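Chemist: Build me a model:
(chains A, B and C, ligands or ions: 4)
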Amino acid sequence: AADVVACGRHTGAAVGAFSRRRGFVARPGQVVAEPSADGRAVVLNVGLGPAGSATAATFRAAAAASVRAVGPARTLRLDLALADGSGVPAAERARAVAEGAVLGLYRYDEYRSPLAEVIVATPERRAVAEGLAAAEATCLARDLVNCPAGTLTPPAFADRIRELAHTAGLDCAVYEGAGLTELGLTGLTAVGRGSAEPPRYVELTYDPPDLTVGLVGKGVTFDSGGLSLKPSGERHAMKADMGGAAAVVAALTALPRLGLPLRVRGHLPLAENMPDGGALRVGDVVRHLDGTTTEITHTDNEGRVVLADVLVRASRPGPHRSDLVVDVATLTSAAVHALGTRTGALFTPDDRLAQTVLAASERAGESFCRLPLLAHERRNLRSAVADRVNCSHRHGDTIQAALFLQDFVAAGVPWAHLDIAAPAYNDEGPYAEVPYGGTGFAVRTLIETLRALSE
Amino acid sequence: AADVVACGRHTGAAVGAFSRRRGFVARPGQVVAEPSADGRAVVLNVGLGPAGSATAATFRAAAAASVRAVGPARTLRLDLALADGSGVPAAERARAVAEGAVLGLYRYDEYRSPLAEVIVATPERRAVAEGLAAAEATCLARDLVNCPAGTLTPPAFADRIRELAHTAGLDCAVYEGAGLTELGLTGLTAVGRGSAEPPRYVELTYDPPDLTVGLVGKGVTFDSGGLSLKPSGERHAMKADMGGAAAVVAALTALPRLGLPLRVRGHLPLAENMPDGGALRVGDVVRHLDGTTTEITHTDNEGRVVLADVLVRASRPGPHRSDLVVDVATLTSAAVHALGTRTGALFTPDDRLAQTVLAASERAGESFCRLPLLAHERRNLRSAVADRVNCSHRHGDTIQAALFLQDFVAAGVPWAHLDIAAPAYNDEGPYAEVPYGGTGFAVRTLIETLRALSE
Amino acid sequence: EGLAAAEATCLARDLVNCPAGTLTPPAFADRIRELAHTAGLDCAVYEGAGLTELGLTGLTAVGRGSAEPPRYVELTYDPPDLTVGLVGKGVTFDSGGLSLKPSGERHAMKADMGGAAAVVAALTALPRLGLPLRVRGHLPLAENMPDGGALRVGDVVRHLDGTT
Ligand SMILES: [Mn+2]
Ligand SMILES: [Mn+2]
Ligand SMILES: [Mn+2]
Ligand SMILES: [Mn+2]
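Modeler: Numbering: from 1, shown residues only, chains lettered A, B, ... in the order given. Ligands and ions are numbered 1, 2, ... in the order given. Next up is the structure itself:
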């Protein structure tokens, strides 16, 4: 039995006397190992819960639990997708089992000083291939987020995107120094100025021969806070503030494999936010690409300032025309207080786009909830000096940040904003298919959203 | 012209040369006073904004601005509801103008050491009467919330409800001492024990001859925090922690005027949360009316503990049977971080009830957003000692508190939870129809919700 | 011997885990009395006026703020076969008193009687082992609570030896 075989069991399914004696009750993610019938290999009995309540997430989580229980085995065959009786069709089971296996195997050992084959048993080969690709993209995002900021600097991150673009056949332009200055991304330049690592701006285009979607990803490779320095003695995953950029890049790398008939452009501002003799100051004013002005009332609300000019560039009327814009950003720390650590916030004025993103997230097994663009919170954007502030010092910053970003989206362009600060990094232990640390959150939601949009 | 007449003006409507010279541009809530044509009285020109974008809230706010600009006049006639051209029908205009006038006139002068008539001009007399009644109920809630806690103690609040019930014809039972102990409301008793003011429990029933709806209102008349004492030097409106109870009581007082064909029971636990030699302790366990247990990990999360047993009582299978339960509570301080100071949180697993409450709030002009009952946040209810904790000390307490309350709602009973901590008290200056301090938030949403449910 | 040592440890675990509202100083004194009776240990519980006579003014002053009055318990293992004294701190709930522990910091305030728990449990194991030595347990039990009548910063306690 190829070293280890993992069998999915719904509640009520038969297992041997040994599994029963060990307490196997088919609880989701429960794994009991036993010798195979011939005594030459290992069987894992893996719980899928009641058949009537099982979802694709159940299969995804059960696959992750299987690969975690593999021990020193060289080969693992997952039969989980062959369990029927639930409402989850075979193709969705196969896709989810494939995702969960890759996501569950993920390790980040690059900075530390025998499993050779995972096989998914199913006729749904296409679904398996899609699952593997989606999960591999997620793991790419995980690597990028986990990467120490001293390795993944803005220049190094730009180089990495260039290499990934080259592999995938994606068109890539990297802007730096004077070339960057010409673009008028004054938020990026101002925020990035304090650091010894100069900022970068990268555009990625997936453009198959077969609507144009713009993806904007916040790539603050290290967020210290700037002069409004993050308190020492509080823990912050400061290197993880490029999770939005990671999600966008990774999603873009998966599109050529899927062959989606839609044009997608990625827009990635990359910078460090550092305290320094030449750092952006509280009370300074940024004049943005659209001529409007932002007073910097708190240097740690840097992401919205960096994204502003990119949203103008991405959405402005011009050559070939981006029909809709989605931004992804580890933007706000206020959200998590209400929503908790595992749910992202979705903002959009477009109800059908909201539905498209939420349904995409459900298929992907990623938790989002929509928050309203409350008109009465615009009063908290007011500045005594400029057109707006980047920080009100009042409650409601998650909503205020969304309204701030909305100011820079050209009139009539459908737009959605994904604030993923909390779910982008897991500071608790591993659970299900999610490791400690960088999660790659939103990659799969984005892929699913782009699929629906292409249909 | 009866001292003062207020005329509604949409953008583009004609005003005299004087109003133009003063800068009147029909901006919503803008008021420019001028002599009447005959020179004997005062005309207020009041902005209603563009006709195409005006809503009922525009009329409500314009009416509030009118009554604020009345000066020393003895009589005020509002003609605002006679302005047509907008999408707001005459009856809705009249209702809103009536509400706004009363809400805008509200003052709380009881503890400080000429306007004799406001008239709303319209044929829609019924709509005016409904608006006045809804606004008067709101103002009752405002008074209750503004009341110093040393005056509105739990015993005094129970007496006040008894008096209000008697006026309205509502059946009222007040429980205290041993009689209270018999009900098994052990959360209420435990939380209330530290104070010198003993707790109370009050049930109110509107039962016209013409479904049974249960309303549960958190009535913590003073929330100091208990032994987990609220930090001195932070400002908290500790007397306002009975805003939920206020909203429920006030809504119940309005029902006999409206003559709604539905039975509605109010359930009001009333207590002070005080530090004391005999106060509830961190690590103590409450055994609730359903036999389940709650570990007190933070004494300042007292409201959910108080509400728990009342929700069991309100929803248990028994005589005549409460078909649905809505609780209203100034429950959580985490919500406001995400949602801001003017929006309540709505929780329910029932999508149609969610729609009913949200649409009711829209008609009432009160801001709510629905938050999800996230299954993955139940893990944060776990206790090493009891069935659950009242505080996880983690992010997501607004959602966790809702899930906590959900545990006590009997199976199959539709339920909604309204968390209104922030919008129940305005700690900024007055705006539109909203004063500084107690707002009476949720009263009108509740009335509108009960109307829809009765239809 | 292993089972007995571990069972004593588990008794201490129960006492520490017990919610302070159940394991009050009076209730803890009752529990020790019951455990002493089982084991054959001599037990004296002091309370109210009887407690006042002993001159344990630290205990009385610290315990005064709480609605749960303090207790003092002596336990003696005295087999027929040196005299060792064991003194165990039994603050059944430590809120901090008027110097109130900051809310928003986590403290296992009910666990402040762990010393008393360890001493009581150790004493319960001695009759099983049959050790040839006399051992007395001395257990002051109180809550430290904020209150209108709680011990104040700047107050002076005059102790049983006359020092302050
Ligand atoms: Mn920041
Ligand atoms: Mn940032
Ligand atoms: Mn509280
Ligand atoms: Mn409270």
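Chemist: Just the endpoints, please. Distance across stretch A:96-116?
Modeler: This stretch, stretch A:96-116, spans 21 Å end to end (C-alpha to C-alpha, to the nearest Å).
Chemist: Please state the offset of it from the chain centre?
Modeler: Centre-to-centre, stretch A:96-116 and its host chain are 17 Å apart (C-alpha atoms, centre = their mean, to the nearest Å).
Chemist: quick one, helices of the stretch 1-150 of chain A?
Modeler: A:17-21, A:56-68, A:90-105, A:125-146 (DSSP state H, counting those that start in this stretch).
Chemist: What are the buried residues along the shortest one?
Modeler: Burial within helix A:17-21, assessed by neighbour count using 16 or more other C-beta atoms under 10 Å in any protein chain shown, is assigned to residue A:19. For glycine as for every other residue, the C-beta is placed from the backbone atoms N, C-alpha and C.
Chemist: same for that helix, what does it pack against?
Modeler: strand A:31-35 (3 or more C-beta pairs under 8 Å, 6 or more residues apart in numbering or on different chains; DSSP states H and E).
Chemist: I'd like to know which elements the strand it packs on is packed against.
Modeler: Helices and strands touching strand A:31-35, by 3+ C-beta pairs under 8 Å, 6+ apart, are helix A:17-21, strand A:42-47, helix A:56-68.
Chemist: at 7 Å what do you get?
Modeler: helix A:17-21, strand A:42-47 (3 or more C-beta pairs under 7 Å, 6 or more residues apart in numbering or on different chains; DSSP states H and E).
Chemist: quick one, the longest one and strand A:31-35 angle?
Modeler: So that's strand A:42-47. 150 degrees (axes from the mean of the first three to the mean of the last three C-alpha atoms, to 10 degrees).
Chemist: the inter-axis angle of strand A:42-47 versus helix A:56-68?
Modeler: 150 degrees.
Chemist: who's in contact with residue A:390?
Modeler: By C-beta atoms under 7 Å, 6 or more residues apart in numbering or on different chains, residue A:390 lies in contact with A:294, A:296-298, A:301, A:304-305.
Chemist: Neighbour-wise, which one of those leads?
Modeler: residue A:294 (28 neighbours; other C-beta atoms under 10 Å in any protein chain shown).
Chemist: Let's see which of the contacts of residue A:390 end up in strands.
Modeler: Cross-referencing these against strands under DSSP state E gives residue A:294.
Chemist: Can you get me a residue count around the residue in the stretch 351-455 of chain A positioned nearest to chain B?
Modeler: Residue nearest to chain B within the stretch 351-455 of chain A: residue A:396 (2.8 Å; C-beta to the nearest C-beta). Per other C-beta under 10 Å, the neighbour tally for residue A:396 reads 23.
Chemist: got it, and the one 3 residues further on?
Modeler: Other residues within reach of residue A:399 by the criterion other C-beta under 10 Å amount to 28.
Chemist: Could you find the closest non-adjacent residue to it?
Modeler: Nearest non-adjacent residue to residue A:399, counting by C-beta to C-beta, 6 or more residues apart in numbering or on different chains: residue A:377, 4.9 Å away.
Chemist: wait, what's in contact with that neighbour?
Modeler: Per C-beta under 7 Å, 6+ apart, neighbours of residue A:377: A:396, A:399-400, A:403, B:340.
Chemist: got the helices of the stretch 1-150 of chain A as CSV, with distance to residue B:29 columns?
Modeler: Converted to CSV, the helices of the stretch 1-150 of chain A look like this (distance: least, C-beta to C-beta, whole Å):
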stretch, distance to residue B:29
helix A:17-21, 71
helix A:56-68, 49
helix A:90-105, 54
helix A:125-146, 48
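Chemist: closest to residue A:2 out of these?
Modeler: helix A:56-68 (13.2 Å; C-beta to C-beta).
Chemist: by contact count, what packs against that closest one?
Modeler: So helix A:56-68, by 3+ C-beta pairs under 7 Å, 6+ apart, packs with strand A:42-47, strand A:75-78, helix A:90-105.
Chemist: Which of these sits closest to residue A:209?
Modeler: helix A:90-105 (26.3 Å).
Chemist: Run the angle between the closest one and helix A:125-146 for me.
Modeler: 30 degrees.
Chemist: other SSEs contacting helix A:90-105?
Modeler: By 3+ C-beta pairs under 7 Å, 6+ apart, helix A:90-105 packs against helix A:56-68, strand A:117-120, helix A:125-146.
Chemist: Show me what counts as buried in that helix.
Modeler: Neighbour counts over helix A:90-105 (16+ other C-beta under 10 Å) mark A:91-105 as buried.
Chemist: One more: stretch A:149-156?
Modeler: So, applying 16+ other C-beta under 10 Å, buried residues of stretch A:149-156: A:149, A:152-156.
Chemist: List the neighbours of that stretch that are in contact with it.
Modeler: A:144, A:197-200, A:221-222, A:238-239, A:270-272.
Chemist: Considering the residues you listed, which possesses the most neighbours?
Modeler: Ranked by the number of neighbours (other C-beta under 10 Å), those place residue A:271 first, at 34 neighbours.
Chemist: Contact partners for it?
Modeler: Residue A:271 is in contact with A:154, A:188, A:191-192, A:199, A:220, A:306, counting by C-beta under 7 Å, 6+ apart.
Chemist: mind running it again at 8 Å?
Modeler: A:154, A:188, A:191-192, A:195, A:199-200, A:219-221, A:306 (C-beta atoms under 8 Å, 6 or more residues apart in numbering or on different chains).
Chemist: partners of residue A:426 in the sheet?
Modeler: In this entry, residue A:426 is beta-bridged to residue A:437, by DSSP bridges.
Chemist: do the same with residue A:117
Modeler: As for beta bridges, residue A:117 partners with residue A:75 under DSSP bridges.
Chemist: Surely it touches residue A:74?
Modeler: Yes: using C-beta atoms under 8 Å, residue A:117 makes contact with residue A:74 at a distance of 7.0 Å.
Chemist: what does the stretch 1-150 of chain A have sitting close to ligand 2?
Modeler: Selection of the stretch 1-150 of chain A residues close to ligand 2 by C-beta under 5 Å from the ion yields an empty set.
Chemist: Where does the stretch 1-150 of chain A get nearest to chain B, residue-wise?
Modeler: Taking C-beta to the nearest C-beta as the measure, the stretch 1-150 of chain A has residue A:57 as its residue closest to chain B, at 10.5 Å.
Chemist: and that residue, how many neighbours?
Modeler: Residue A:57: 20 neighbours (other C-beta under 10 Å).
Chemist: Quickly note the distance from the residue nearest to residue A:315 when sequence neighbours are not counted to chain C.
Modeler: Leaving aside its chain neighbours, residue A:315 sits nearest to residue A:410 (4.0 Å; criterion: C-beta to C-beta, 6+ apart). Using C-beta to the nearest C-beta, to the nearest Å, residue A:410 is found at 45 Å from chain C.
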